[PDB]
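> Just dropping in an experimental structure and the matching sequence.
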Amino acid sequence: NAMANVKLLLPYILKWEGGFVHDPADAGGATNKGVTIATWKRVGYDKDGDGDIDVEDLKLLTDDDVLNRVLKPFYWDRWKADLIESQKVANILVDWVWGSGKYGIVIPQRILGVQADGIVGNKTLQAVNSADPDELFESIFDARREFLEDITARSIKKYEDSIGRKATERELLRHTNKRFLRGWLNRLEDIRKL
């Protein structure tokens with residue numbers, strides 16, 4: 001009867017939004033900044049029903065403030081993830097909403113065969129927990145790959161339609177979601193490893 005725990009998702013969110021790593025204490029404990037794949041409200045995000053939580057820069061808050069004031073109330077609890085019994089299922093659903101907003105509810109609702117109304121009610125939660133956790137995680141993972149590829153293909157199409165010709169690779173990396181796709185997919189793959 002173990003429930004998913006938001007605390008286990010937090011390090012993953014912080015890792016990729018911040019790009020920080022810390023030296024251990026006896027080396028001086030320096031915070032070092034490197035590869036960053038920040039997705040908060042950035043990945044084809046639909047803000048409808050998100051509560052309008054914003055901060056100037058997540059990197060300037062404590063871990064506890066990110067957890068208690070942003071991630072748990074507005075994202076984790078939006079999936080009622082305290083009632084999701086599979087940690088990995090909760091992780092991948094909540095992270096989808098973190099990056100993409102309402103899409104991270106409505107697409108899973110379609111996968112689950114429940115009304116895709118963007119509200120996680122009892123029927124949606126029942127469907128999540130009734131599913132085999134491994135099967136459901138993989139189906140969500142398939143759909144998240146599909147989503148990232150789809151918003152990238154559409155971004156490329158919009159741009160090429162606008163310029164009236166095929167874009168160069170340089171143009172696509174400057175002007176479209178192709179810029180972000182590698183990082184988005186790599187960050188997604190990393191969620192399997194929690």
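Noted; the coordinates are in hand. Numbering: from 1, shown residues only.
> what helix or strand is residue 93 on?
Here residue 93 sits within helix 87-100, counting by DSSP states H and E.
> Quick one: list the elements packing against that helix.
Applying 3 or more Cβ pairs under 8 Å, 6 or more residues apart in numbering; DSSP states H and E, we find helix 87-100 packed against helix 6-18, helix 103-112, helix 133-163. From N, CA and C alone the C-beta is placed, and that goes for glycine too.
> Try it again at 10 Å.
Helices and strands touching helix 87-100, by 3 or more Cβ pairs under 10 Å, 6 or more residues apart in numbering; DSSP states H and E, are helix 6-18, helix 103-112, helix 122-130, helix 133-163, helix 178-190.
> Residue 68 contacts residue 53, correct?
No: using Cβ atoms under 10 Å, residue 68 makes no contact with residue 53, being 11.9 Å away.
> So which of the helices and strands packed on helix 87-100 is nearest residue 78?
In terms of Cβ to Cβ, the element of the helices and strands packed on helix 87-100 nearest to residue 78 is helix 103-112, at 7.5 Å.
> Now do residue 30: how many residues are near it, please.
Residues contacting residue 30 under the criterion other Cβ atoms under 10 Å number 9.
> Now for it: which residues touch it?
Residue 30 sits next to 21, 22, 23, 24 when contact means Cβ atoms under 10 Å, 6 or more residues apart in numbering.
> Now find how far off-centre the helix holding residue 93 is within its chain.
Using Cα atoms, centre = their mean, to the nearest Å, the mean C-alpha position of helix 87-100 is found 6 Å from that of the whole chain.
> could you give the angle of that helix to helix 122-130?
Per axes from the mean of the first three to the mean of the last three Cα atoms, to 10 degrees, the angle that helix 87-100 makes with helix 122-130 is 130 degrees.
> With residue 63 as the reference, measure out to the residue of the chain positioned farthest from its centre.
What lies farthest from the middle of the chain is residue 26; by Cα atoms, centre = their mean that is 34.2 Å. Between residue 26 and residue 63 the distance is 21 Å, computed by Cβ to Cβ, to the nearest Å.
> Give me the buried positions along stretch 26-45.
37, 38, 39, 40, 43, 44, 45 (16 or more other Cβ atoms under 10 Å).
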